[PDB]
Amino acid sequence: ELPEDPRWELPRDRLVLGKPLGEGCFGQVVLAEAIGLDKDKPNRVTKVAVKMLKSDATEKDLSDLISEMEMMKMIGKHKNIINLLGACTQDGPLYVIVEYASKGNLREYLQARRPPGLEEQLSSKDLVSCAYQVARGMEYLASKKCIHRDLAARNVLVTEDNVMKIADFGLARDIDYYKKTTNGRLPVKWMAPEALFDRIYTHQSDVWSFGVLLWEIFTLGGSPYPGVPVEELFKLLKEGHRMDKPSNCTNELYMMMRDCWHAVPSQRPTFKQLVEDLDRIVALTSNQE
């Protein structure tokens, strides 16, 4: 049984469910319509995302979704993170109501806006702006002592207004290195060597992951290290190997990626330094190409 928090509780008759946005088997996300979410108007509908459990859910799977909601309540609001909007915790299945990003993840979005081969296209100032927002989201998360542990283009969602929002920042701590994603990608490729070989996740290991994220932006949703299996990736990290400079990527932004991949975690930039640099770079980057 669950206790009511009146700050966040939404009556169940105010949530009209819809088409599913994602799956697991670890839970499921659906598209929904929340009636009068805001204090005024109680007659306006907001399109939302509803996190819920599957039929084959256990007490562990349930405590995991509670902790996530609980984490989001503590962390607070930012324009560049997926915010918490409400919850249905009484007399039925637990529904954690979060922000809905109509354009999907940042990898899918970037891939769908690639140049023709072989209706909407992003300029140089556009790509750098995506990097700025994600570093803004991550810096707030860092200010609130949150360590993402899986910062990647896949876990950055995009709104109808082209705002970048960090997602799955509140997920349960609980990893199989040989496991691949839905898109058949190995998540170990976003991991800092200290986190991968010593299990030491810090704000510095998330900075490493931001470096893999930039490479994903300026390659327009490119796959890091294609064809490279798990065991061959460890050898690449031990030799001091680094990814190649994307084409249509400045010397300044590649120097940034490489700094993010500094072998020594203490020597890497902070998100507070990355927000500042990208703030300046956007202002100097051309919107004409």
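So that there is no doubt, residue numbering starts at 1 and follows the sequence shown.
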Deposited residues lacking coordinates between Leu118 and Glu119 (none, 1 to 3, 4 to 9, 10 or more):
10 or more
Our gap detector needs a label for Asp174 to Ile175. Which class matches the unmodelled residues of the deposited sequence there: none, 1 to 3, 4 to 9, or 10 or more?
1 to 3
Averaging the C-alpha temperature factors as deposited, the higher value of 177-185 versus 149-157 falls on 177-185
Which is higher in the entry, the mean Cα B factor of 190-198 or that of 87-95?
87-95
For the CA B factor values reported in this entry, which option in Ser205, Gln133, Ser143, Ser123 has the top one?
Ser123
With respect to the C-alpha temperature factors reported in the PDB entry, which of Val48, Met256, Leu37, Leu237 ranks highest?
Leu37
Among all modelled residues of this chain, ranked by Cα B factor, put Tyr225 in the bottom, middle or top third, i.e. lowest, middle or highest.
middle
B-factor third for the C-alpha atom of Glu276 within its chain
lowest
Which third, lowest, middle or highest, does the CA B-factor of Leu53 fall in along this chain?
highest
Lowest, middle or highest third: where is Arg14 by C-alpha B factor in its chain?
middle
Would you mind checking where the Cα B-factor of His78 ranks among the modelled residues of its chain, as the lowest, middle or highest third?
lowest
